[PDB]
């Protein structure tokens, strides 16, 4: 028919489902009846979720929820960066960084944007100096103030509350989902129904007419949102939309995870997520309050589930026979089309990639934002659907490419896994970026180096999600550098001379913040 969408049914009630319910409930408030169908699942351990800055500005701010309100109810901690440990040295899976060129084998991928100097990213000046032997300091320590304060577990905020850097959050997803469930049902009028989908009825146009549950209830709506996770109950099962496996770019498809109690008083809390390289994958460490979530993401192609359990438990000194563990098999890739007919997939039902760069939750609300932007009426204009699908496919594929580069450019050749990664091919779009990088060009340089604008305007960030800063942190961090300095620098003697103070400013902030900032633990004590 025609007329606006009157009823929406969300199938699936986890993080994605209740985020969808909250975002749509907020966006269409009072002009659409929303029902979320939810069936009980086997409970799992809170193994932790890491996020990015726009979670607050693009999601919680949109809902009208203050950082302090949701943080306290979700027992959240702070994330200032992802610390990559042992990606450049051979060896077993260990929590301790090995030695590399006189220092621990780690590098940071921090938030924020590299400063521009005479229209050129600081990255280019750093490399120019490194290349000409004027420096041996790593890219991250030279261009970011964060590495130094993170090495000392400092808080991203002073005791008086003032923030000194861009940061995100670490939390148990289950708590956020419960928080949102209460918010959506209590504040936004979303209807929660506890039932299991038994049958999906489609019409002759291939659209979903209704969903019938195991109790015999029939739920019809104008638009259906699939938040059923890997099963893709609607988008794949009912709509039969093909899923594109991308194991030709990503070898990791499994994980063994758990949660470990932690004495924050004795050891403090790390203001960062750790990405610890393993023999057949990598392990995440996500610090929360009084405990940390950790999971070994690996490739079933190079390690059996039991070998992964052993490697994982031994690294944390846990009993492989008694430790509570979540054994997961991921569905890596994306649907050929995220939205088909009147069925929009949101969450893992849509796409999934290992949490190497904290994009899981981002993918959920980035998509919800794109859905509302391309919101249809009952005629389901195909142009809205196609453009939405294009945005989603690009969002995922760029991430897929970026993550693959973490493994493709690691210098490690010590296990079949690391060696195999180098035998895969990068997508053409990614290879073009590397060609540009090697030629000394910036990759997706931000329009402005103003981080407040970037993280404060979703449209601005979504169009430049993976920017030059991100690419340099990871590529240079791993050891991939340009074949030679940007040739235009040889024509800018005054700029390459005055940049001295730009590097000096970072050094002063590194020193000042290190001497004045409280530890993350200290701040959390006062705060929570």
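Residue numbers count along the first chain shown, from 1. Basically, rigid core = biggest C-alpha set you can superpose within 1.5 Å across the two forms.
> Figure out for me whether 106-114 or 331-339 is the more displaced stretch in 4 other deposited structures of this protein, taking RMS C-alpha distance from the shown form once the rigid core is superposed.
Higher root mean square deviation of C-alphas in 4 other deposited structures of this protein is shown by 106-114.
> Pick between 2-10 and 519-527: the one whose mean CA B-factor in the entry is higher.
Mean B over CA atoms: larger for 519-527.
> Compare the mean C-alpha B-factor of 331-339 with that of 243-251 as given in the PDB entry, and name the stretch with the higher value.
Going by the record's values, the stretch with the higher mean is 243-251.
> Check the PDB entry and point out which of 50, 39, 478, 55 has the largest C-alpha temperature factor.
That would be 39.
> What's the residue among 199, 98, 79, 124 with the greatest CA temperature factor in the PDB record?
That would be 199, according to the entry.
> Per the entry's values, where does residue 137 land by CA temperature factor relative to the rest of its chain, in the lowest, middle or highest third?
Answer is middle: the recorded C-alpha B-factor places it there.
> Where does residue 90 sit by CA temperature factor within its chain: lowest, middle or highest third?
Lowest third, going by the recorded CA B-factors of the chain.
> Thinking about Cα B factors across the chain, which third does residue 152 belong to?
Tercile = middle for this residue's CA B-factor.
> Lowest, middle or highest third: which one holds residue 492 when the chain's residues are ordered by CA B-factor from the entry?
According to the entry, residue 492 has a C-alpha B-factor in the chain's highest third.
> What third of its chain, lowest, middle or highest, does the C-alpha temperature factor of residue 440 fall into?
CA B-factor rank for residue 440: middle third.
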